[PDB]
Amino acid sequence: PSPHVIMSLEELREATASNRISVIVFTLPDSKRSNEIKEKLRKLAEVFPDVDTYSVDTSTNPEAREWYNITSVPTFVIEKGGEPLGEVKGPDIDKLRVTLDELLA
């Protein structure tokens, strides 16, 4: 069970415009736990009710990498209603979980 794979900068901007919480992981494809971070991200979505998860392969989405100013991968971005609410740099799923919960408080 995976996060929704983003095809373009435009699909991504339409997604984050929802007022549900969007959590987006930016990755590189060949990256051996790129698949592990993706499934952990979706697994983590089960315990968060109003949260949708997305994955962006930066090697095929340079426009989205630039638009969200992604300077290292993996990076997580938290969005709501087109507003960025937080960012977690690195494959640290527990810091993302903590950050996400602070927003919901």
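Start at 1 with the first residue shown and count on from there.
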Segment of higher mean CA temperature factor, 15-23 or 87-95: 87-95
If you average the CA temperature factors over each stretch, which comes out higher, 39-47 or 65-73? 39-47
Would you mind ranking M7 by its C-alpha B-factor against the rest of the chain and naming the third, lowest, middle or highest? lowest
Among all modelled residues of this chain, ranked by Cα B factor, put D52 in the bottom, middle or top third, i.e. lowest, middle or highest. middle
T58, C-alpha B-factor rank within chain (lowest, middle or highest third): lowest
